[PDB]
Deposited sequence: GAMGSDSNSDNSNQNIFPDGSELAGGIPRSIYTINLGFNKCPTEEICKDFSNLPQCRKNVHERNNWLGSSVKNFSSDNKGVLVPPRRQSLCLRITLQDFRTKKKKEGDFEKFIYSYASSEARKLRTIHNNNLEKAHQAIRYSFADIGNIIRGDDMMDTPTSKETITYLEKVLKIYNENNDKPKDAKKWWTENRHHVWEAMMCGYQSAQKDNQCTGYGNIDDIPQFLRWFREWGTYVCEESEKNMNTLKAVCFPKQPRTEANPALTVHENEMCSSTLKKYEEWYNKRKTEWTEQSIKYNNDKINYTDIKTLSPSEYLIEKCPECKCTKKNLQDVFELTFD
């Protein structure tokens, strides 16, 4: 279920958080991460910790952590405000941001930004200050393992404040899925949806004069835009799949067709369209 009303009170919103696929501003975009496209949701993710945030929040035990929780809660609220007429898109976007918050905290998020580079260093310094003589986490990896449940509660409390939803959810194991795969999947959820809709539209108009020709022209523009992105992301997918025993023999289309339950990608709307 949703978390108790008590737990939610302990979290707070941040007015900093208000409401395409980018092939740059990724670390090592020409080497390790060639082919990686950053989701628009990630580019817009509400979480920034500055040297100055570190200075203020470190002064009281637990405040820096709560500052993180607050951002996570605001990110969730924002996402449900964006996807207000669609519960499940909202849920999946929250999950994706939750996982992204994980990589940021753990210091291996792919975006080349100060927040992505610096958050781990600030968290770990604070944990040294307060936990160096007890049994509590002193590194960000253990912190995440021990506190990810709290982070998720803050997101659900956030999601509920958008429009008093009573339908919360768990996060599956989303945060354990390699980030490049999650981004590829999220691309998948947008594109396979476009693809199914665009096909129906094309068939309907062209195969029940100029409207057909006009429809096909737009269908082509959509196709070429996504085809470049498909091509880029397949480079990363194919380079890195060798390291995972259960996808190493799968093509990029097979990955999204067979191993992305949120995707709705099919042979007809993905494989037949994008892979010749």
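Unmodelled segments of the deposited chain, in sequence order: 1 to 39, 59 to 64, 254 to 268, 337 to 339.
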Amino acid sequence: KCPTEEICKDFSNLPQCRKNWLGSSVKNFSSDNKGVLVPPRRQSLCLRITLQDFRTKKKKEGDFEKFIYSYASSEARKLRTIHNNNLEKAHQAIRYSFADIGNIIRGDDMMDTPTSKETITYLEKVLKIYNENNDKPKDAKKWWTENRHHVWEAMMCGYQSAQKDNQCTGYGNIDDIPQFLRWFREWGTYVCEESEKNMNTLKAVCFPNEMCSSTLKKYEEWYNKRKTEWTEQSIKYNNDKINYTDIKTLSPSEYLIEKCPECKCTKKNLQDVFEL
From here on, numbers count along this sequence of modelled residues.
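Stretch comparison (150 to 158 versus 81 to 89) by mean CA B-factor in the PDB entry places 81 to 89 on top.
Relative to its counterpart among 58 to 66 and 24 to 32, 24 to 32 has the higher mean temperature factor, C-alpha atoms as listed in the PDB entry. Residue set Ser74, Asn134, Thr169, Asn103: peak C-alpha B-factor at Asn134 (per PDB entry). Taking the PDB entry at face value, the top CA B factor among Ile94, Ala204, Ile120, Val191 belongs to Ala204. The entry lists a Cα temperature factor for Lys164 that places it in the highest third of the chain's modelled residues.
Ranked within its chain, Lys128 lands in the middle third, by CA B factor from the PDB record. For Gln233, the recorded CA temperature factor ranks within the middle third of the chain's modelled residues. Placement of the Cα temperature factor of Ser44 within the chain: middle third of the modelled residues, per the deposited record. In this PDB entry, the Cα temperature factor of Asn198 sits in the middle third of its chain's modelled residues.
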